[PDB]
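Given next, in C-alpha cells, is a single chain: the form deposited in one PDB entry.
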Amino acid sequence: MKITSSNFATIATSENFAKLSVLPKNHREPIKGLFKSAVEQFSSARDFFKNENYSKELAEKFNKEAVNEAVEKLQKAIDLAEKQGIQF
C-alpha cells in the first residue's frame, strides 16, 4: 500500500485508525503515534497552504491598489506639467 500526497486523505481515516485498536499496546501505541503525527502535520500543511493563498490574494489586491494610485499621481504630475507647456 503506497501512500502519496494525493491519496493521503483516503487512507488516513477514522475507519483505518480504529483497526489499530486490536494490536497489543507495545505495537499499537507506536503505530498510532505515527498515524496521529502524520495527520497533524498534513492538516497543518493544509492550514498553512490555505492561509498562504489568502494572504497572497489579499496582498495582491492591495498592491494593485498601490500601483493604481502611483499611476494616478504620475498622471496628475504629467497633466499639470503639460498645462504649463512642458514638452514630454
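Numbers follow the displayed sequence, beginning with 1.
> Given the B-factors recorded for C-alpha atoms, which segment has the greater mean, 71-79 or 18-26?
Comparing 18-26 with 71-79, the higher mean C-alpha B-factor belongs to 18-26.
> So 57-65 or 34-42, which one's hotter by mean CA B-factor in the entry?
So the stretch with the higher mean C-alpha B-factor is 57-65.
The same protein also has a form deposited in another entry, omitted here; what follows describes it.
> Quick one: spot the hinge among 67, 53, 29, 40 for the rigid-body turn between this form and the one not shown.
In this comparison, the hinge residue comes out as 53.
> Tell me whether residue 58 and residue 45 end up closer or farther apart in the other entry, going by their C-alpha atoms; the shift is 3 Å or more.
Those two alpha carbons end up closer in the other entry.
> Did residue 45 and residue 59 drift closer or farther in the other entry, going by a CA distance change of 3 angstroms or more?
Here the pair is farther apart than in the other entry; there, closer.
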